[PDB]
$ cat work31.cif   # mmCIF, C-alpha atoms and all ligand atoms
data_target
loop_
_atom_site.label_atom_id
_atom_site.label_comp_id
_atom_site.auth_asym_id
_atom_site.auth_seq_id
_atom_site.Cartn_x
_atom_site.Cartn_y
_atom_site.Cartn_z
CA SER D 1 0.00 0.00 0.00
CA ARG D 2 2.64 2.52 -1.13
CA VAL D 3 3.17 5.55 -3.41
CA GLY D 4 2.59 4.46 -7.01
CA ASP D 5 0.34 1.42 -6.53
CA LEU D 6 -2.55 2.46 -4.33
CA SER D 7 -5.94 0.96 -5.14
CA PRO D 8 -8.74 3.45 -5.76
CA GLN D 9 -9.97 2.62 -2.24
CA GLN D 10 -6.54 3.57 -0.96
CA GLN D 11 -6.19 6.65 -3.21
CA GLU D 12 -9.56 7.98 -1.98
CA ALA D 13 -8.54 7.23 1.62
CA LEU D 14 -5.31 9.17 1.17
CA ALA D 15 -7.15 12.14 -0.39
CA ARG D 16 -9.66 12.24 2.49
CA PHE D 17 -6.85 11.93 5.06
CA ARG D 18 -5.11 14.88 3.42
CA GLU D 19 -8.38 16.86 3.60
CA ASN D 20 -8.88 15.90 7.28
CA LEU D 21 -5.35 17.17 8.17
CA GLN D 22 -5.57 20.62 6.51
CA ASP D 23 -4.92 22.44 9.80
CA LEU D 24 -1.66 20.49 10.35
CA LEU D 25 -0.10 20.38 6.86
CA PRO D 26 2.18 23.47 7.36
CA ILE D 27 3.70 22.03 10.53
CA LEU D 28 4.11 18.36 9.55
CA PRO D 29 7.70 17.07 9.35
CA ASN D 30 6.82 16.53 5.68
CA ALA D 31 3.41 16.97 4.06
CA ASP D 32 4.11 14.65 1.08
CA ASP D 33 2.22 11.39 0.35
CA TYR D 34 5.16 9.34 1.65
CA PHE D 35 4.76 10.85 5.12
CA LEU D 36 0.96 10.48 5.20
CA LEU D 37 1.04 6.88 4.00
CA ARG D 38 3.18 5.73 6.98
CA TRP D 39 0.31 6.64 9.36
CA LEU D 40 -2.33 5.11 7.09
CA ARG D 41 -0.44 1.81 6.75
CA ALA D 42 0.13 1.66 10.52
CA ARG D 43 -3.66 1.66 11.06
CA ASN D 44 -4.80 -0.26 7.96
CA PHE D 45 -6.22 2.89 6.31
CA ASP D 46 -8.74 3.45 9.13
CA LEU D 47 -9.07 7.20 8.62
CA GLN D 48 -9.98 7.88 12.24
CA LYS D 49 -7.29 5.74 13.89
CA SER D 50 -4.65 7.03 11.43
CA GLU D 51 -5.60 10.61 12.25
CA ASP D 52 -5.58 9.89 15.98
CA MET D 53 -2.11 8.34 15.68
CA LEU D 54 -0.69 11.27 13.70
CA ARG D 55 -2.32 13.98 15.90
CA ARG D 56 -0.95 12.24 19.02
CA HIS D 57 2.50 12.39 17.41
CA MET D 58 2.09 16.06 16.63
CA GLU D 59 1.17 16.76 20.26
CA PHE D 60 4.32 14.81 21.28
CA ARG D 61 6.40 17.00 18.91
CA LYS D 62 5.09 20.12 20.68
CA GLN D 63 5.49 18.72 24.18
CA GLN D 64 9.09 17.61 23.51
CA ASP D 65 10.16 20.51 21.24
CA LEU D 66 11.21 17.90 18.63
CA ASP D 67 11.71 20.32 15.75
CA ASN D 68 14.64 21.75 17.82
CA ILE D 69 15.95 18.54 19.42
CA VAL D 70 18.77 18.34 16.83
CA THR D 71 20.55 21.15 18.75
CA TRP D 72 19.64 19.82 22.24
CA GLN D 73 22.71 19.01 24.31
CA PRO D 74 22.34 16.16 26.78
CA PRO D 75 24.14 15.98 30.16
CA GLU D 76 27.90 15.37 29.94
CA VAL D 77 27.59 11.75 31.10
CA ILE D 78 25.15 10.97 28.24
CA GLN D 79 27.31 12.86 25.66
CA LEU D 80 30.37 10.84 26.72
CA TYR D 81 29.00 7.37 27.57
CA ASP D 82 25.58 6.86 25.87
CA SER D 83 26.63 4.77 22.89
CA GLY D 84 25.84 4.71 19.20
CA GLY D 85 26.23 6.82 16.11
CA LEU D 86 25.26 7.57 12.53
CA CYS D 87 27.88 6.30 10.10
CA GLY D 88 27.60 5.52 6.38
CA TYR D 89 24.78 4.68 3.98
CA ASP D 90 23.52 1.37 2.62
CA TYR D 91 23.50 0.42 -1.08
CA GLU D 92 20.17 2.25 -1.67
CA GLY D 93 21.55 5.35 0.15
CA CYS D 94 19.63 4.87 3.42
CA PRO D 95 21.54 6.22 6.45
CA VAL D 96 23.00 3.62 8.82
CA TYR D 97 22.92 3.90 12.62
CA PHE D 98 25.05 1.72 14.92
CA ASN D 99 23.47 0.90 18.25
CA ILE D 100 26.29 -0.37 20.50
CA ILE D 101 24.12 -2.08 23.14
CA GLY D 102 26.66 -4.60 24.50
CA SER D 103 29.14 -1.91 25.58
CA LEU D 104 26.46 0.34 27.11
CA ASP D 105 26.41 0.86 30.90
CA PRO D 106 22.71 1.76 31.29
CA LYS D 107 22.87 1.29 35.06
CA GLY D 108 25.70 3.84 35.40
CA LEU D 109 23.85 6.19 33.05
CA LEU D 110 20.60 5.98 35.03
CA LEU D 111 22.46 6.54 38.32
CA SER D 112 24.07 9.68 36.74
CA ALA D 113 21.16 11.14 34.71
CA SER D 114 17.42 10.78 34.11
CA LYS D 115 15.30 8.28 32.15
CA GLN D 116 13.91 11.41 30.45
CA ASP D 117 17.35 12.48 29.17
CA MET D 118 18.20 8.90 28.00
CA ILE D 119 14.89 8.75 26.09
CA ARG D 120 15.43 12.26 24.64
CA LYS D 121 18.88 11.20 23.39
CA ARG D 122 17.22 8.28 21.55
CA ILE D 123 14.45 10.48 20.11
CA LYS D 124 17.20 12.86 18.93
CA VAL D 125 18.77 9.96 17.02
CA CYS D 126 15.38 9.30 15.31
CA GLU D 127 15.08 12.94 14.26
CA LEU D 128 18.73 13.05 13.06
CA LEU D 129 18.11 9.95 10.93
CA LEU D 130 14.97 11.49 9.42
CA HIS D 131 16.87 14.69 8.58
CA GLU D 132 19.58 12.54 6.98
CA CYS D 133 16.89 10.72 4.90
CA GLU D 134 15.67 14.11 3.63
CA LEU D 135 19.19 15.26 2.77
CA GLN D 136 19.78 11.97 0.91
CA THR D 137 16.48 12.41 -0.94
CA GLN D 138 17.63 15.84 -2.12
CA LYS D 139 21.11 14.61 -3.05
CA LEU D 140 19.98 11.50 -4.91
CA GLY D 141 16.81 12.86 -6.55
CA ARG D 142 14.68 9.97 -5.24
CA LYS D 143 12.82 9.30 -2.01
CA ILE D 144 14.83 7.84 0.85
CA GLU D 145 12.28 6.90 3.50
CA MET D 146 14.05 4.67 6.07
CA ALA D 147 17.27 4.01 7.96
CA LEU D 148 19.20 0.78 8.51
CA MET D 149 20.02 -0.03 12.15
CA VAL D 150 22.83 -2.34 13.29
CA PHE D 151 22.70 -3.67 16.87
CA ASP D 152 26.06 -4.74 18.26
CA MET D 153 25.47 -7.14 21.13
CA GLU D 154 29.14 -7.79 22.03
CA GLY D 155 29.37 -7.58 25.82
CA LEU D 156 25.67 -8.13 26.54
CA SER D 157 25.49 -9.30 30.16
CA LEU D 158 23.15 -10.09 33.03
CA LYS D 159 24.10 -6.56 34.08
CA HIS D 160 22.03 -5.19 31.12
CA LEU D 161 18.88 -6.87 32.49
CA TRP D 162 18.65 -4.51 35.50
CA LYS D 163 14.90 -3.86 35.57
CA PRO D 164 15.03 -0.02 35.40
CA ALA D 165 17.39 -0.20 32.36
CA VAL D 166 15.07 -2.64 30.60
CA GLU D 167 12.17 -0.26 31.19
CA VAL D 168 14.18 2.35 29.18
CA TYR D 169 14.38 0.17 26.13
CA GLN D 170 10.77 -0.95 26.47
CA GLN D 171 9.53 2.66 26.67
CA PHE D 172 11.76 3.63 23.77
CA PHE D 173 10.42 0.85 21.52
CA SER D 174 6.84 2.00 22.41
CA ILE D 175 7.73 5.60 21.51
CA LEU D 176 9.34 4.42 18.23
CA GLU D 177 6.24 2.57 17.07
CA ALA D 178 3.87 5.42 18.08
CA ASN D 179 5.94 8.30 16.71
CA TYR D 180 8.27 6.91 13.99
CA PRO D 181 6.24 4.17 12.26
CA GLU D 182 7.92 2.37 9.37
CA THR D 183 11.22 4.25 9.58
CA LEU D 184 13.59 1.23 9.79
CA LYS D 185 14.38 -0.94 6.77
CA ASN D 186 16.09 -3.69 8.79
CA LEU D 187 17.34 -4.31 12.32
CA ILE D 188 20.57 -6.24 11.95
CA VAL D 189 21.85 -8.03 15.06
CA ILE D 190 25.57 -8.89 15.27
CA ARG D 191 27.73 -10.65 17.85
CA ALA D 192 24.74 -11.98 19.80
CA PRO D 193 25.92 -13.98 22.86
CA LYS D 194 24.09 -16.88 24.57
CA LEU D 195 22.06 -14.41 26.65
CA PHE D 196 20.48 -12.74 23.61
CA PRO D 197 17.22 -14.81 23.45
CA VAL D 198 16.45 -14.04 27.10
CA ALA D 199 17.25 -10.34 26.65
CA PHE D 200 15.26 -10.08 23.43
CA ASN D 201 12.22 -11.68 25.08
CA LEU D 202 12.01 -8.69 27.44
CA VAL D 203 11.55 -6.13 24.63
CA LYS D 204 9.87 -8.09 21.84
CA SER D 205 6.27 -7.33 22.93
CA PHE D 206 7.03 -3.56 22.72
CA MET D 207 7.84 -3.65 19.02
CA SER D 208 5.27 -4.19 16.23
CA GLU D 209 5.08 -7.46 14.30
CA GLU D 210 6.25 -5.58 11.19
CA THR D 211 9.36 -4.35 13.05
CA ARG D 212 10.01 -7.85 14.42
CA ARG D 213 9.79 -9.27 10.89
CA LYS D 214 12.64 -6.92 9.85
CA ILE D 215 15.09 -8.36 12.42
CA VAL D 216 18.05 -10.20 10.90
CA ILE D 217 20.40 -12.14 13.19
CA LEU D 218 23.90 -12.65 11.68
CA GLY D 219 26.30 -15.46 12.59
CA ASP D 220 30.07 -15.99 12.72
CA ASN D 221 30.40 -14.65 9.18
CA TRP D 222 28.70 -11.34 10.09
CA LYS D 223 31.45 -9.11 8.64
CA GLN D 224 30.99 -10.65 5.19
CA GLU D 225 27.20 -10.84 5.60
CA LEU D 226 27.00 -7.09 6.49
CA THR D 227 28.48 -6.26 3.10
CA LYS D 228 25.32 -7.66 1.46
CA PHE D 229 23.57 -4.58 3.02
CA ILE D 230 26.33 -1.92 3.11
CA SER D 231 29.37 -1.23 0.91
CA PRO D 232 32.77 -1.90 2.62
CA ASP D 233 33.73 1.72 1.94
CA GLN D 234 30.61 2.85 3.89
CA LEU D 235 31.40 0.56 6.92
CA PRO D 236 33.92 1.08 9.70
CA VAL D 237 36.89 -1.31 9.72
CA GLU D 238 35.56 -2.39 13.19
CA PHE D 239 32.48 -3.81 11.40
CA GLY D 240 34.25 -5.30 8.38
CA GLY D 241 34.66 -2.29 6.09
CA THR D 242 37.38 0.20 5.21
CA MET D 243 36.26 3.44 6.90
CA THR D 244 38.44 4.93 9.63
CA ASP D 245 38.76 8.13 11.63
CA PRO D 246 41.18 10.72 10.21
CA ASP D 247 43.89 9.31 12.55
CA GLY D 248 43.24 5.76 11.22
CA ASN D 249 41.18 4.52 14.18
CA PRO D 250 39.15 1.52 12.86
CA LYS D 251 36.25 2.27 15.24
CA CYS D 252 35.32 5.63 13.61
CA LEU D 253 35.07 7.30 17.07
CA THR D 254 34.41 10.67 15.46
CA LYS D 255 31.00 9.22 14.42
CA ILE D 256 30.26 6.32 16.80
CA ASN D 257 30.33 6.30 20.60
CA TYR D 258 31.22 2.91 22.14
CA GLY D 259 29.90 3.54 25.66
CA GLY D 260 31.90 1.84 28.39
CA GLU D 261 31.70 1.93 32.17
CA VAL D 262 30.54 5.27 33.56
CA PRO D 263 33.06 6.54 36.12
CA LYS D 264 31.67 6.62 39.63
CA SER D 265 32.39 10.38 39.78
CA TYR D 266 29.31 10.96 37.56
CA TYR D 267 26.86 9.16 39.87
CA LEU D 268 24.19 11.27 41.55
CA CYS D 269 22.70 8.31 43.44
CA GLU D 270 23.27 4.52 43.78
CA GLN D 271 19.74 3.15 43.53
CA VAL D 272 16.40 4.28 42.10
CA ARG D 273 12.78 3.91 43.24
CA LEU D 274 11.40 0.41 42.62
CA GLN D 275 7.92 -1.13 42.56
CA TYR D 276 7.21 -4.60 43.97
CA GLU D 277 4.75 -7.39 43.10
CA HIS D 278 4.34 -8.76 46.66
CA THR D 279 4.51 -7.67 50.32
CA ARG D 280 4.72 -10.24 53.18
CA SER D 281 5.62 -10.26 56.88
CA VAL D 282 8.53 -12.39 58.02
CA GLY D 283 8.15 -13.22 61.71
CA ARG D 284 10.78 -12.90 64.39
CA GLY D 285 13.17 -15.87 64.16
CA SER D 286 11.53 -16.96 60.91
CA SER D 287 12.20 -17.16 57.14
CA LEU D 288 10.30 -16.98 53.85
CA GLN D 289 10.96 -19.13 50.75
CA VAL D 290 9.96 -18.15 47.20
CA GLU D 291 10.23 -21.24 44.94
CA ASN D 292 10.39 -21.50 41.15
CA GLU D 293 10.66 -24.61 39.00
CA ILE D 294 13.22 -24.19 36.18
CA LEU D 295 12.76 -26.74 33.42
CA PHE D 296 16.05 -26.21 31.56
CA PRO D 297 19.41 -24.46 31.98
CA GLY D 298 19.72 -20.90 30.63
CA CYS D 299 16.63 -19.46 32.26
CA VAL D 300 17.55 -16.34 34.32
CA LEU D 301 16.23 -15.59 37.80
CA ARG D 302 15.94 -11.85 38.51
CA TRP D 303 14.84 -10.27 41.77
CA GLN D 304 14.45 -7.06 43.70
CA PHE D 305 13.46 -6.47 47.33
CA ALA D 306 13.10 -4.02 50.19
CA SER D 307 12.48 -4.46 53.93
CA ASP D 308 10.95 -2.44 56.72
CA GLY D 309 11.70 -2.90 60.41
CA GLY D 310 15.39 -3.63 59.88
CA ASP D 311 17.65 -5.63 57.56
CA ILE D 312 17.04 -9.07 56.02
CA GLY D 313 19.15 -12.07 55.04
CA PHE D 314 18.96 -13.30 51.45
CA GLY D 315 20.42 -16.22 49.52
CA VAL D 316 19.59 -18.56 46.66
CA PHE D 317 19.32 -22.34 47.02
CA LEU D 318 18.50 -25.36 44.84
CA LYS D 319 16.30 -28.19 46.19
CA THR D 320 17.82 -31.67 46.35
CA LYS D 321 14.40 -33.34 46.54
CA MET D 322 11.02 -32.11 45.13
CA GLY D 323 8.02 -32.46 47.49
CA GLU D 324 8.14 -30.83 50.94
CA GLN D 325 10.00 -27.63 51.83
CA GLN D 326 13.67 -28.12 52.64
CA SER D 327 15.81 -26.11 55.04
CA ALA D 328 18.90 -24.15 54.05
CA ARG D 329 20.92 -26.99 55.60
CA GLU D 330 19.49 -29.56 53.11
CA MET D 331 19.56 -27.55 49.86
CA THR D 332 22.47 -26.76 47.58
CA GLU D 333 23.72 -23.21 48.18
CA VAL D 334 23.71 -21.37 44.83
CA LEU D 335 24.34 -17.80 46.11
CA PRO D 336 25.56 -17.63 49.74
CA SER D 337 23.13 -15.94 52.15
CA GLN D 338 24.14 -12.55 53.56
CA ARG D 339 22.46 -9.76 55.47
CA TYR D 340 21.45 -6.71 53.39
CA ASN D 341 20.32 -3.26 54.54
CA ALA D 342 17.30 -3.49 52.26
CA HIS D 343 15.49 -1.09 54.65
CA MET D 344 17.95 1.59 53.53
CA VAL D 345 18.81 0.70 49.92
CA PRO D 346 16.68 -1.79 47.94
CA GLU D 347 18.49 -4.88 46.64
CA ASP D 348 18.41 -6.45 43.24
CA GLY D 349 20.21 -9.09 41.29
CA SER D 350 20.10 -11.95 38.85
CA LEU D 351 21.68 -15.27 37.99
CA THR D 352 21.78 -17.80 35.18
CA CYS D 353 20.26 -21.16 36.08
CA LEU D 354 22.86 -23.82 35.17
CA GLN D 355 20.62 -26.75 35.89
CA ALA D 356 16.95 -27.70 35.85
CA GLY D 357 15.39 -27.87 39.32
CA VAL D 358 13.58 -25.87 41.96
CA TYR D 359 15.41 -22.63 42.76
CA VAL D 360 14.53 -21.10 46.12
CA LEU D 361 15.01 -17.47 47.09
CA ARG D 362 15.25 -17.55 50.88
CA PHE D 363 14.65 -14.43 53.00
CA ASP D 364 16.24 -15.11 56.38
CA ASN D 365 15.14 -13.40 59.61
CA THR D 366 16.19 -16.34 61.84
CA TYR D 367 18.91 -14.25 63.52
CA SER D 368 16.36 -11.57 64.61
CA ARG D 369 14.68 -13.06 67.66
CA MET D 370 12.81 -9.91 68.77
CA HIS D 371 11.98 -8.08 65.52
CA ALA D 372 9.78 -9.07 62.60
CA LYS D 373 10.24 -7.61 59.13
CA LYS D 374 7.92 -6.48 56.38
CA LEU D 375 9.30 -7.55 52.99
CA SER D 376 8.37 -6.31 49.51
CA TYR D 377 9.67 -8.22 46.50
CA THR D 378 9.53 -9.20 42.87
CA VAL D 379 10.99 -12.48 41.66
CA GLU D 380 10.84 -13.35 37.95
CA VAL D 381 11.94 -16.28 35.77
CA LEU D 382 13.15 -14.89 32.43
CA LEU D 383 12.78 -17.35 29.53
CA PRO D 384 14.41 -17.27 26.10
CA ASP D 385 12.57 -16.12 23.02
CA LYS D 386 12.16 -19.46 21.22
CA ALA D 387 12.69 -18.22 17.64
CA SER D 388 15.92 -16.38 18.62
CA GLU D 389 17.15 -19.41 20.52
CA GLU D 390 16.58 -21.73 17.52
CA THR D 391 18.24 -19.23 15.18
CA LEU D 392 21.33 -18.97 17.37
CA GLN D 393 21.52 -22.78 17.65
CA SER D 394 21.24 -22.99 13.82
CA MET D 395 24.32 -20.76 13.29
CA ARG D 396 26.62 -23.13 15.25
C1 LIG D 401 16.93 -5.73 17.75
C2 LIG D 401 16.58 -6.07 19.19
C3 LIG D 401 17.58 -5.53 20.21
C4 LIG D 401 17.42 -6.29 21.54
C5 LIG D 401 17.85 -5.46 22.74
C6 LIG D 401 17.65 -6.22 24.06
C7 LIG D 401 18.59 -5.72 25.16
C8 LIG D 401 17.94 -5.66 26.54
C9 LIG D 401 18.69 -4.70 27.48
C10 LIG D 401 17.94 -3.41 27.81
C11 LIG D 401 18.89 -2.24 28.07
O1 LIG D 401 19.80 -2.42 28.91
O2 LIG D 401 18.74 -1.15 27.45
#

$ encode --input "work31.cif" --output "structure tokens"
Amino acid sequence: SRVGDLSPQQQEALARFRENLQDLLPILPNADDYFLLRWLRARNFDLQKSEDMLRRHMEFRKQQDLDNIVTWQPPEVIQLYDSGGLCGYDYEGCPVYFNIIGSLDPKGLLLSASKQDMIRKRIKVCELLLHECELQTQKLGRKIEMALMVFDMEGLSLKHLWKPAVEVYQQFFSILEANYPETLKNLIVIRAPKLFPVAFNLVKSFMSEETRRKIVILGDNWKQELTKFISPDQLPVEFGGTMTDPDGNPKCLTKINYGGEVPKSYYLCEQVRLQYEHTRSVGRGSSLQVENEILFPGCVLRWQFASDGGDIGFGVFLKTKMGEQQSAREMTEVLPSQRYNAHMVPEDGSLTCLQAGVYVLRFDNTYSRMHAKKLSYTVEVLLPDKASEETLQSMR
């Protein structure tokens, strides 16, 4: 349903849509048929829903001053450590953006800056890419409508699954679908480690099916495979091409930021506000066990908790028999129990399950003979996305 071959149904729909948007035409990012058709396709030519979607976007542009975001300067920590960059063009002339996820330190960034600034940095990238598409259109004399995004997963870690960081990427993917529909040609994933299917499963429901269908996972031969999309002379040497910085650096640091660990000197806090699924009392001299059956290795357990009334002990155990509850003496110790000041600073963490069995998170108040505790917690079993898992298996 694109420019050129619209049906009459579609051509009449487009004309009506254009008529219904007369008030907005002078302030649209572009008032051409290409622009309008993105909103129509996103809502199957339902004139009302398409209009609602576009008008919501236009309110978002006003609220966020998006026409001027290309000159917005983020906080120093985001300028220096929030990764990614625009570099090169694909064979059609679409701009390429490198998203260096694996080297990102989103925890350090969120402890040093706001979710709002991290999201605004990512919106800025969208606007920069759109401006680059327009410049390319003018230079090439034909419409360039989309960008190509490469996602470098080298370094992806349990550390990246910190719940507040994940909420950044989830919110961003929701914003992308609502405000930048059909702006990515492909989403090319390189250097995916074993953790990728679990990580991907956390964000997949926030992207549209059309976006998901454009994901391409590359294997060991990714450098050669990338050159099917992008010319070597448009690719950094780091990613298999011939482009360098003026000083010969193969990473093209003058265009692409590679993130890295945020120095502690930038931190403005060391934990953020959390929300919890459950609240329970743990009696004086007592304990609480939260059990989860893991059916295969590679599942990830992730938790967060706070206490009131004093500290709490916490460890992770693995049952040696299924059936009745076992004591800490009888179970295998997976993560040694320790006391945490979870009444002062909430705790969180994760681990990879190396075996199938019943994993038990044990909250220990047995040492506190006079004082009970109130405990709030969330404990989640994170499963792999099955398609991603199969694909990674299939690439050896
Ligand atoms: C093309 C799909 C990219 C998958 C990104 C999943 C990474 C989860 C980590 C969230 C974060 O730390 O920003």

$ residues_around --input "work31.cif" --residues "range 363-375 of chain D" --least-positions-apart "3" --cutoff "7 Å" --atoms "only C-alpha atoms" --output "JSON, numbers by chain"
{"D": [279, 280, 281, 282, 283, 284, 285, 286, 287, 288, 289, 306, 307, 308, 309, 310, 312, 313, 314, 315]}

$ closest_atom_pairs --input "work31.cif" --of "chain D" --to "ligand LIG 401 (chain D)" --cutoff "8 Å" --atoms "all atoms listed in the file" --output "CSV"
residue,atom,partner,partner_atom,distance
D:101,CA,D:LIG401,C7,6.9
D:104,CA,D:LIG401,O1,7.4
D:105,CA,D:LIG401,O1,7.6
D:106,CA,D:LIG401,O1,5.6
D:107,CA,D:LIG401,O1,7.8
D:151,CA,D:LIG401,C1,6.2
D:153,CA,D:LIG401,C5,8.0
D:156,CA,D:LIG401,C7,7.6
D:159,CA,D:LIG401,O1,7.9
D:160,CA,D:LIG401,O1,4.2
D:161,CA,D:LIG401,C9,5.5
D:162,CA,D:LIG401,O1,7.0
D:165,CA,D:LIG401,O1,4.8
D:166,CA,D:LIG401,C10,4.1
D:167,CA,D:LIG401,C10,7.4
D:168,CA,D:LIG401,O2,6.0
D:169,CA,D:LIG401,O2,4.7
D:170,CA,D:LIG401,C10,7.7
D:187,CA,D:LIG401,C1,5.6
D:188,CA,D:LIG401,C1,6.9
D:189,CA,D:LIG401,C1,6.1
D:196,CA,D:LIG401,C6,7.1
D:199,CA,D:LIG401,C8,4.7
D:200,CA,D:LIG401,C6,4.6
D:201,CA,D:LIG401,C6,7.8
D:202,CA,D:LIG401,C8,6.7
D:203,CA,D:LIG401,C6,6.1
D:204,CA,D:LIG401,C2,7.5
D:212,CA,D:LIG401,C1,8.0
D:215,CA,D:LIG401,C1,6.2

$ atom_distance --input "work31.cif" --atom1 "CA of residue 255 in chain D" --atom2 "CA of residue 190 in chain D"
18.9 Å

$ closest_residue --input "work31.cif" --among "D:42, D:296, D:55, D:76" --to "residue 384 in chain D" --atoms "all atoms listed in the file"
D:296

$ atom_distance --input "work31.cif" --atom1 "CA of residue 198 in chain D" --atom2 "CA of residue 385 in chain D"
6.0 Å

$ closest_residue --input "work31.cif" --among "D:11, D:157, D:103, D:64" --to "residue 262 in chain D" --atoms "only C-alpha atoms"
D:103

$ atom_distance --input "work31.cif" --atom1 "CA of residue 253 in chain D" --atom2 "CA of residue 74 in chain D"
18.3 Å
